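Undergrad: Sharing a structure with you now.
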Amino acid sequence: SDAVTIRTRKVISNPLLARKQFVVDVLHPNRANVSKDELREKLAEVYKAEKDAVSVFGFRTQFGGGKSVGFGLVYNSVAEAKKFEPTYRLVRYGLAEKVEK
Amino acid sequence: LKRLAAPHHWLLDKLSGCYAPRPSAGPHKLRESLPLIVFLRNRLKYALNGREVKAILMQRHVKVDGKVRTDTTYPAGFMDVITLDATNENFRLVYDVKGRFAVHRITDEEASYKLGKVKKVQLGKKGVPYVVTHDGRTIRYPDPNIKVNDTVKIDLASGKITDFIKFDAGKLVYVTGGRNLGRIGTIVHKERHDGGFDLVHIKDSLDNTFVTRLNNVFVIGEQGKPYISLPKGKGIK
Amino acid sequence: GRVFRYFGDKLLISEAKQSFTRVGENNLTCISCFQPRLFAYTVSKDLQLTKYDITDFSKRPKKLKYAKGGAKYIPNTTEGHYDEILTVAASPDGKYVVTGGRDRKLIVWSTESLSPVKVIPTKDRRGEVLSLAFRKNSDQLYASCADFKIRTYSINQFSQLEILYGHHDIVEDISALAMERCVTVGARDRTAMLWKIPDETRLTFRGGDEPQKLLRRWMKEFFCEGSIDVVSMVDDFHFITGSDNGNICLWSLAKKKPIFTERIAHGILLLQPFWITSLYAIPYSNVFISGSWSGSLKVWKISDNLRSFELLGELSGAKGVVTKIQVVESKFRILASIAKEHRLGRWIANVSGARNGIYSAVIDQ
RNA sequence: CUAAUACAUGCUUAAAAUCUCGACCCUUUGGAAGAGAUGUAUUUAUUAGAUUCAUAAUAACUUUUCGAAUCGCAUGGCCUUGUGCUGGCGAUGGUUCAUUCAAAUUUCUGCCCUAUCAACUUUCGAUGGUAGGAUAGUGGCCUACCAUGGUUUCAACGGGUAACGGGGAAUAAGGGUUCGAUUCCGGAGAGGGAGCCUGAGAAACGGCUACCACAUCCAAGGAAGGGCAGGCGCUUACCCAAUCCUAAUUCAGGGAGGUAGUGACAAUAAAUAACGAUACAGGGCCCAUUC
RNA sequence: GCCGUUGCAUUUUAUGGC
């Protein structure tokens, strides 16, 4: 809640996986190690699809604090998140059941 | 295949794993071909994992020379047309000036043929002759002028011959192996060498000469005026 | 982008419309004019911002709205200036315009109702604002600061982006274009630096050419570089600086040395050369305007090969200390903020025609 | 008792069918008596090859082999409607070839020193040829005959290098150290023996039978494993998320692979306090142990 | 918007002092 200002670069159209890959930059002065949940919320409002059409991971922060860089994903539809994503990230995001064995 | 045992023309670095994708059995050799998994995520980079390859393979995006080949490690070799129907892309597999496979986005009807040097000519069953190209393809009923060391423009909608170019001095060559891989210059002259190892001398448009074996000399047209759109660098090196 | 607008020859200079407005303020420090109807914004050392409409080129700038603070706003979270305001800059959407000065704060203003919509503490006792510059068609504020810093903000969200360090004296001048880079000077270190914001790198160009070697030039056929007063960015590949001795230095991004330096421009009057107190270029063009307290704005035309520049002329309608130059177009309207003293509170000597106000000059074609 | 993914049986379709040619007729977008012919595996023989390979016929051969009674998306085409022809999309086997993956024989190049090593080999194959056996395969590889041969002084052979072998990896004189127990492979052995198998690829011991040393159980009939690792003497767990391999293969697996335990011979940074204020009080400190 | 001065006569236009 300090004007999060999520910046995106390296946007390449990838229609053969029906997606757009881009590096998420998280500036956070006076705020430390925000989330994985709020990030998927706040970058889906510049692409305007849905929260579960947004995958994100990575995020080793800057030393000292005030900057965080990860790796972000956006798809064209909800069913594409069920096909093109890894099986544990959907459990992590909440979109699936992890059949433990 | 293991790592540091993969060939140099795949451009894979020493880290990221222990094994390499071994090229499967197929129409091309293991040493001068590049597998499909190496093609899309390591050259075109549009996938990231090995699991992401098989998802693209089972969506029928891709086809090699008009045929899908949805194996992971299929050995796509030289003059092969990899076709991405989604996003409308066509590709031709050609070497660099350093020996490595290059990405050359080609047009819609240049992707409707290839060039095949015939390896051998024998008289088949029931009286019909046949040619055998370098890319594992056979063509029966040939034009009787066509013999060994001749390239063939191939129809690619059927298995029929559309054009043939005879191995002559002053016809646009391309090196397909050895230390001089990727050079042009149409012929200087020939050496006989009774006993094999036949040396064909080539001098480029930048007037310099080199020596290769008859194994490696692959003509693609007449002087100047190629029969395929060449990449930048122009094989002059 | 590169230089493509070639209209230095088309400028009818000798019959340019010259006019002057007297205003109710002492020592106006800056002027910033918006182009999407055209607006104007003036701040003075009398603690006042004043808004003008300049959409009518034949008229002098008429008064719309004005706001003056006071000694009420002594603490720093108060919504008002309580000291001299050194710079002002309008946002490219026409919605906000921000002021700041010796009160070491940054107050963002609304252009509509002229209200303090934001106050930002710089949080340093040496974080004095000196020059605010916006990226063209963006809202990323570049803030020159007296604690040798460059502070980058965003306007629409009112956050802080990052800070550049590195200089050795007070950063007076910074200029920018639509790409994400800016030119800065430190104004006594006698260098200038190019700043790539995402690369987080700098390229350091060095002045300080000794006049002693010029005395060698005096054997072949002056004055000291001591303070690089101003910097301006013509294109993304070249820029210019203005000094304390009449030399105006053209700089290339491929040249560590000055690719050109113009010798004494506004002249002298042992002897004292005038200071290059103002320098503003028309964007992506070959024309730029330099100003002094000598009384005539000297305008120059860059050559096509980016190797030298040549005199367009002089406009004598503005007597007094020129602090800041604005140029708008449709025709061209030139505005200049003439104060009685220098921007920095500095001392000025024996100025003929002590007056305060705005210079206007219309050039056709 | 009883099924098929078990055993033994038969058309290759409207009388077979399809191809060519034809005394003649007619000019054609054509039609005819009659005249020839057609799938295929194994062994031998003959001949054509003009311009013994392929290709073919020939004369015999073998337990005389095959010749679509198939599968799914759809419950498919067509008429006055016949035991009809089969099958719109593409799927498996079978005939045969090449290719790929390999595997096996083969050419050349390539390490120290040594004549205080000058001749080596033959003989029951060393050298050659004949013929035969053998193998996936030409071949003294093996066997009978005949001949007496083959290598070598800018050097055959004999012999030492305790380094099981090299390509390779670090310090970077390339001379050298380390590893060659090597990142890739090759030789040895799975208690010791002979015989035998599967697979395209094993000489499988991390396949089988039998022999020999050899010990465990016994209800006393008989049944069974191969003397092994590991540790001390100087406490070892989790997971296939990545790479690649396999899959009854978009599922999952991997004693492949990855992730925690262990610490003065060494060694690494720095904390244990910083800054102010006042009243009392001075015979305080250094040098010559000295005077 | 402090003062002076000029043309429109002051709104308008130009100039000098604090």
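What you see of chain A is 2-102, where the numbers are those given in Swiss-Prot.
Going by what the header records, the deposited coordinates were determined by electron microscopy, 4.5 Å.
Including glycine, each Cβ sits where the backbone N, Cα and C put it.
Checked Swiss-Prot, it gives:
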- A:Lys21: ubiquitin cross-link (CROSSLNK)
- A:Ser2: N-acetylserine (MOD_RES)
- A:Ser14: phosphoserine (MOD_RES)
- A:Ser56: phosphoserine (MOD_RES)
Undergrad: For A:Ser14 (phosphoserine), which of the listed recorded positions (A:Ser2, A:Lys21, A:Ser56) have their CA atom within 10 A of its CA?
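TA: So the list reads A:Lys21.
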Undergrad: I'm trying to understand the geometry here, so how far is the Cα atom of A:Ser56 (phosphoserine) from the Cα atom of the residue listed as 'ubiquitin cross-link', in Å to the nearest whole number?
TA: 11
Undergrad: Please report the distance from the Cα of A:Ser2 (N-acetylserine) to the Cα of A:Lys21 (ubiquitin cross-link), rounded to the nearest angstrom.
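TA: Pair distance, Cα basis, whole Å: 27 Å.
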Undergrad: Which of A:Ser2, A:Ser14, A:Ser56 (the modified residues) has the most other Cβ atoms within 10 Å?
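TA: The largest 10 Å Cβ neighbour count belongs to A:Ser56.
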Undergrad: Please report the three-state DSSP label of the residue listed as 'N-acetylserine'.
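TA: Going by the DSSP assignment, the residue listed as 'N-acetylserine' belongs to neither helix nor strand, so it counts as coil.
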Undergrad: State the count of C-beta atoms found within 10 angstroms of the C-beta of the residue listed as 'ubiquitin cross-link', not counting that atom itself.
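TA: For the residue listed as 'ubiquitin cross-link', the count of other Cβ atoms within 10 Å is 17.
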